[PDB]
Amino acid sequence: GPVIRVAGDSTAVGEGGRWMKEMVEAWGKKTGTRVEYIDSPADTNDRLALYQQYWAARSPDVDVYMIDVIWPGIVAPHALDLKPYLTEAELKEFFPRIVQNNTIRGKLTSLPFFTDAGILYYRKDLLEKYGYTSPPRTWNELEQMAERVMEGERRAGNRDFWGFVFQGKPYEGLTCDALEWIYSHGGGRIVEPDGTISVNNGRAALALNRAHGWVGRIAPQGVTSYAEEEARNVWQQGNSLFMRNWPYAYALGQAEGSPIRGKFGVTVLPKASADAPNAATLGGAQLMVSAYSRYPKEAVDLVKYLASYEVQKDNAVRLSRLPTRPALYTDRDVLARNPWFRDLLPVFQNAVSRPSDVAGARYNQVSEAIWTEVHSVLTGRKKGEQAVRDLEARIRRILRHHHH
């Protein structure tokens, strides 16, 4: 019979790739269909380049791809339109914002699978030890807490201890972290939904200078090479007061044998002042059937299974990843395991999107400009003022003649 072949997620990021393979195997067992799992590199931008090789070749060797929230405008020609395969009722079981995201020129490129939002992880034990009762609400507070706790922990002998870890590597994750910094300083969305390239402003430049100020001070010098997992490893070993990361890190930190089990909470990222907007970058994954799959019926059946209530529930319960079905945020077992899903649901609902809608198929070029210019600030090569001026000019060149 057919072999249905899936590329999606990575065994190099938490449990995602292992779990995905498990879920695909479970569908194959349930339906009596042969399946195969193709692994991917850790970073989303590397995965895009890999999958583009298959798409350029019109390759039938992958039937289902997991695609990033930022990808529908890029990948649409390589996607089978799913609209004819779902009833309106079935589609309404997902968040409408994400279905809209996934719909390009009327083509439903992909089903919503899990969503994602940047959050603050904090060591509750350490906040209590140093006389703090609440996590920080402002970036200045975060810096003050970090300096005090670091001084104390270093003095106590932990030479591995830092105040803050985040994703500073030059890749798509830095675009995510930098949108949060800029937006939380009142600096805008980098490129607004209407097309205005807004980043050349003093608030954005301040946000980037502030982040530079962390490097080698409250954050390790090596933070300029950290993706999700590098940050998570320092944090999970017990060596950081604070971390910015996605929801997946929570279940991993609570696993038996984690040095930090029971010692942490999560909250919204800080912001520059009380009237700035909360910032949590929208992330997450969708499920696409390849336009090149020889087995579209079967592939669609697999994608409906993966996006189903019970598989999303398993993802929430075991991997602390966020459902794309509003019903699951009221499910007793999801909430018992992850009470913070209820506390931070409004943060997830108000997550700020990267400019993938407005940049469309040029989004990856825009993002590479963002992360390279931002990285130049983190490394001390450019000041934020120059970087945002230079980034404005780059993005203007990239998007010249593009209309959404």
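Don't overthink the numbering: it's just position in the shown sequence, from 1.
If you average the C-alpha B-factors over 14-22 and over 380-388, the higher value belongs to 380-388.
As recorded in the PDB entry, 341-349 is the stretch of 341-349 and 357-365 with the greater mean C-alpha temperature factor. In this structure the maximum Cα B-factor among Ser184, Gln144, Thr196, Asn101 is found at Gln144. The PDB entry assigns the greatest CA B-factor among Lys124, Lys313, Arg189, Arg244 to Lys124. Among the modelled residues of the chain, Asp81 sits in the middle third by CA temperature factor in this PDB entry. For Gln237, the recorded CA B-factor ranks within the highest third of the chain. Only modelled residues enter the ranking. Sort the modelled residues of the chain by CA B factor and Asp39 lands in the middle third. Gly168: CA B factor in the lowest third of modelled residues in this chain (values from the PDB entry). For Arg332, the recorded CA B-factor ranks within the lowest third of the chain. Only modelled residues enter the ranking.
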